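Take a look at the structure below.
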Number of protein chains: 2
Amino acid sequence: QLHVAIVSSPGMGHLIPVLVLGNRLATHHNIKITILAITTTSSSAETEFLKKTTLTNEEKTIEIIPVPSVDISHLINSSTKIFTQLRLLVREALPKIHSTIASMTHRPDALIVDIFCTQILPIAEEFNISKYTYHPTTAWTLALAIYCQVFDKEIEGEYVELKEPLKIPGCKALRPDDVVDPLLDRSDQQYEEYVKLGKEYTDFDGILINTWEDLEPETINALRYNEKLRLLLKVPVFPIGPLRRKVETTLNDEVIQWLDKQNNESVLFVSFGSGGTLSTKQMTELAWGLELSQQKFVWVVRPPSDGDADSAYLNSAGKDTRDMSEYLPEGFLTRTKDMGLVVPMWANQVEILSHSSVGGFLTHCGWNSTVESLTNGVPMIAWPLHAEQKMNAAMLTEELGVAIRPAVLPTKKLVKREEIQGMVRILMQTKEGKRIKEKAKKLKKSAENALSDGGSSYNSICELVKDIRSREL
Amino acid sequence: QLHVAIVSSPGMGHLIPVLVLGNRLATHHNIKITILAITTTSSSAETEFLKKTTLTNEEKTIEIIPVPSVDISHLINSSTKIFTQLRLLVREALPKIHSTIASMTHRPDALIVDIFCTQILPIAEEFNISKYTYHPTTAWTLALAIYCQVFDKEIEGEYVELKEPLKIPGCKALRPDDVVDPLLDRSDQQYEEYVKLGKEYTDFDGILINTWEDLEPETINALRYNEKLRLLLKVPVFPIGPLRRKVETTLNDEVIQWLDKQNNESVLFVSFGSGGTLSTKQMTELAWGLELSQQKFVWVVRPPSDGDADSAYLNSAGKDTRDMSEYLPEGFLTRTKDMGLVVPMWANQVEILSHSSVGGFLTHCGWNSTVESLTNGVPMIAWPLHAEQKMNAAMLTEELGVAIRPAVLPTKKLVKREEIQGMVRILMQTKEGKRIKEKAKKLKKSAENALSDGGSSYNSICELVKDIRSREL
Ligand SMILES: O=c1ccn([C@@H]2O[C@H](COP(=O)(O)OP(=O)(O)O)[C@@H](O)[C@H]2O)c(=O)[nH]1
Ligand SMILES: O=c1ccn([C@@H]2O[C@H](COP(=O)(O)OP(=O)(O)O)[C@@H](O)[C@H]2O)c(=O)[nH]1
């Protein structure tokens, strides 16, 4: 039985994919897993989440080892982007990770490292341990990241200022609009960190991705066979998705109990992930749009911010004492007493999304969220905010046909309550709504097939374990 | 009942479309047809093809009259392109065609002339007979040909040296790379012959094309309604395609018998049309790529040439006595004894492509070939060589999504056996392969709809017969 160590980047958005991957391997592929989870400075949430997961392993086939964050406040400023921040954190923690692996009683045979932990190459190489990246999102975004080194040299000026879509060899073309956050401003350090990340991928022995063949056959084939791309990559790709939490059934969840009282596929779940937050004006538009729709809803709400759309990613612990009602339109909660259920800070998305009464998901198009929705056969309103979400949203709406979206990107134009209402009703009242759901259910099934024995993703994991064992010479 | 005469240009590429058109009109539109087929000096292929078609007409509603080629060796030289050659041939045969039509017991009411026979205007006009061109290819190429008169005056220097794509009003933009052969070298006489051809179209009473509305709705609309284009065209367009041979089921075809022994959609058919030939180096790369793919194949091979990619166009009868094995890598045939079947010179392409075991087509993107594939629901590897094929290949790969292709044009960069293998496996092993096939089958159905009663193409033929009868005042 192999020992594999998986390094998790800071934040729940990265920690969860890693935990899920480790669980997947331990359960379905009979592997010992050690998750090296890079912690954030301010979340007893993340830490106690880890304590609850360590408590559940009687079988110790999975073990969790936290990596304490190094203080980088002296390295950053008010304009430093989360991309850059995570990269820096990882880099500054590399010595600690070295000492950890060195101090391990029994070494890992392999090391799989989250998207931001690509800077840990030297440690794996030094110890002579098989090294892979986990890209817990789309192959499209991976292809963009890799080929970005080429774009950097072939394109002058900002990508956002281009007239023609970016053509990644063998992939679907990307409009300036839908680019990932690093490519928005090339003058920003996160951009160069990103081009660098794109290159760093290729230095690993392989790349796991949380997608599958059915979902992205063309992009995956491009990574494997497109000659321009392969000139850059030259290492195996492992579509192993869609990996997500299996639903833990809680009898004491009042949200679930409200949902039990609802009709099948009658509820819209509304959430922008752990990181997402809306502006005051947009959150107001949203409150009223939901009201106007007269559809039933469950809405995870956070205090609004008119700054960065992911500014709640590291700052969810910042104790804003204000009640929900204070940053909602007055009496909204009084008027939607029957119609909806407003949830503070976080909820068990998965358990919610698996509930029969849920029939719609207004999402930021975070890949974890997306996967969770699709695997439960839920159609979506695409509301991209940060990271790669615009790109995923383009994929979801245009190509896959499992989501609808505003005429202009939410991050570009205010989505008014009239449009919000209209979208919500399309999803929840109309036949367009039905057919979106059917497609999402088809994707649900294709995903179930990929993960089930002999599926592309099951097999891709077997190929991975092969790759690892062939390297243990 | 109308009498229509259809003039065919030299070579199988042109003769077949004309035969098919005549058959289509005679059968489905109850018309008397007389096909005036301009012959090549050396093809028992062309002649026996004619014998097979003459044998089928007990009803003589279609009759075939050969036009013997005139000797033009004194008019050409070693640098004279096939474009120019065909134009000259036609021109020099014009008197003979005149005497033929003049000597006809009962005149044709109309005259439809192949792409290269646009120089027969004077004969039709003189006799006062309705005159049309048949453009047995894409509307995109037609639009380019017509608008080329404008490009000539608006662009200085070579098209191949332009930075921006050529924009034909109302159509998809064309990269320098994908231009038709005449536009490659403007200093060449074939270029001016081509600009001239583009203009000549517009002097006819109408233009038939072997495409349909579903396939090229926007280009067709542009021809009809774009003001810039209409300033040049001002005559009706008739999308009547996709017209091709109906499959004649042949007793002692050994290729068909090999195919019978194969699995469904397990065979790659490989062919570069009547004209196409590969360089020695490329044909070697190809042999090995097919070998490496470990996919089953049927491959129509011709002796290689490092010169003109269509240099087998007028030499298709010339029995080069060299065995296949002499211009293939040694023992290739010995090693692929089980895996493939290498065919010399010609093959019932239509009957092969309709065979259940055929699941892939590596093609030069000749429009007849393309149509044959699409109408049988076969996905393609786009390998453009000559004429307009690059442009068709762009259309097939980028827009339609029914073909895959090399990173760089085959005629630009050597396609190595690694890439060949990869492409072949994408098509024949992967899910990308599956979905390309489904799209090709959707096109198959849309085509079936166009041709069936009341379809755009059926109707376009009815519109044509209307046009002819309104001109018989
Ligand atoms: O109320 C919430 C908000 C978020 N999440 C989870 O937290 C992550 C969202 O974080 P992020 O904004 O990075 O989006 P992602 O790309 O992870 O979906 C996903 O795993 C969601 O399942 C959740 O379970 N409940
Ligand atoms: O081995 C071969 C090669 C070509 N063809 C036929 O010859 C015609 C030539 O059309 P193509 O698309 O190849 O155009 P070209 O490039 O020859 O002008 C088509 O009907 C093909 O089916 C055939 O029957 N067998």
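Key figures for this structure:
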| item | result |
| --- | --- |
| Residue count for segment B:288-311, restricted to those that are over 25 Å from B:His355 (Cβ atoms) and crowded, with 22+ Cβ neighbours inside 10 Å | 2 |
| Members of segment B:219-248 that are within 20 Å of B:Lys167 (Cα to Cα), surrounded by 15 or more Cβ atoms within 10 Å (Cβ to Cβ) and not basic (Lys, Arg) | B:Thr219, B:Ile220, B:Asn221, B:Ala222, B:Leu223, B:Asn226, B:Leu229, B:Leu232, B:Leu233 |
| A:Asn128 vs. criteria within 14 Å of another protein chain (Cβ to nearest Cβ) and within 30 Å of A:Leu2 (Cβ to Cβ) | no |
| Scope segment B:357-405; condition among the β-branched types (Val, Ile, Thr), within 14 Å of chain A (Cβ to nearest Cβ) and not in a strand (DSSP E or B); matching residues | B:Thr397, B:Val402 |
| Among (1) out of contact with any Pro (no Cβ under 9 Å at 6 or more places or on another chain); (2) within 14 Å of chain B (Cβ to nearest Cβ), the one test that A:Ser187 misses | (2) |
| Within segment B:334-355, considering residues that are within 13 Å of ligand 2 (Cβ to nearest atom) and part of a loop (DSSP other than H, G, I, E, B), the one nearest to the other protein chains (Cβ to nearest Cβ) | B:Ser354 |
| Qualifying residue in segment A:150-164 (condition: hydrophobic (A, V, I, L, M, F, W, C), within 14 Å of chain B (Cβ to nearest Cβ) and part of a helix (DSSP H, G or I)) | yes |
| Given (1) within 14 Å of another protein chain (Cβ to nearest Cβ); (2) more than 16 Å from ligand 1 (Cβ to nearest atom), number of the condition A:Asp109 does not satisfy | (1) |
| Residue list for segment A:197-227, filter: in contact (Cβ under 8 Å) with a residue 60 or more places away in the chain, in contact with a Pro (Cβ under 7 Å, 6 or more places away or on another chain) and within 13 Å of another protein chain (Cβ to nearest Cβ) | A:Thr211, A:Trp212, A:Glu213, A:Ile220, A:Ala222 |
| Residues located in segment A:92-112, provided they are of a type outside the set (A, V, I, L, M), free of Cβ contacts under 8 Å to residues at least 40 places away in the same chain and closer than 17 Å to A:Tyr132 by Cα | A:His98 |
| Flag for B:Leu94 being more than 20 Å from B:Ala317 (Cβ to Cβ) and of a type outside the set (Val, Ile, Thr) | yes |
| Filter result (among the aromatic types (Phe, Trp, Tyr) and closer than 18 Å to B:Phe116 by Cβ) within segment B:190-218 | B:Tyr191, B:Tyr194, B:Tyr201, B:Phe204 |
| Some residue of segment A:28-39 being within 30 Å of A:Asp310 (Cα to Cα) and surrounded by fewer than 20 Cβ atoms within 10 Å (Cβ to Cβ) | yes |
| Subset of segment B:406-441 that is more than 10 Å from chain A (Cβ to nearest Cβ) and part of a loop (DSSP other than H, G, I, E, B) - its residue that is surrounded by the fewest Cβ atoms within 10 Å (Cβ to Cβ) | B:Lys412 |
| Close pairs from segment B:182-194: first assigned by TED's automatic domain parsing to the domain that holds B:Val160, partner in a loop (DSSP other than H, G, I, E, B) and surrounded by 16 or more Cβ atoms within 10 Å (Cβ to Cβ), Cβ under 6 Å, at least 6 apart | B:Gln190/B:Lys81 |
| Scan of segment A:25-51 for residues that are of a type in the set (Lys, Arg) and within 29 Å of A:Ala450 (Cβ to Cβ), ordered by number | A:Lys32 |
| So A:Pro165, is it surrounded by fewer than 18 Cβ atoms within 10 Å (Cβ to Cβ), in contact with a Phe, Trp or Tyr (Cβ under 9 Å, 6 or more places away or on another chain) and assigned by TED's automatic domain parsing to the domain that holds A:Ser78 | no |
| Qualifying residue in segment A:299-308 (condition: among the aliphatic types (A, V, I, L, M) and under 25 Å from the mean Cα position of the chain (by Cα)) | yes |
| Pick from segment A:258-287, criterion farther than 12 Å from A:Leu385 by Cβ and under 22 Å from the mean Cα position of the chain (by Cα), ranking: surrounded by the most Cβ atoms within 10 Å (Cβ to Cβ) | A:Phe269 |
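The values are calculated or read from the model by the stated rules, or taken from the named source; no laboratory read-out is quoted. So basically every Cβ, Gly included, is an ideal-geometry build from the backbone, and we count neighbours across all protein chains shown.
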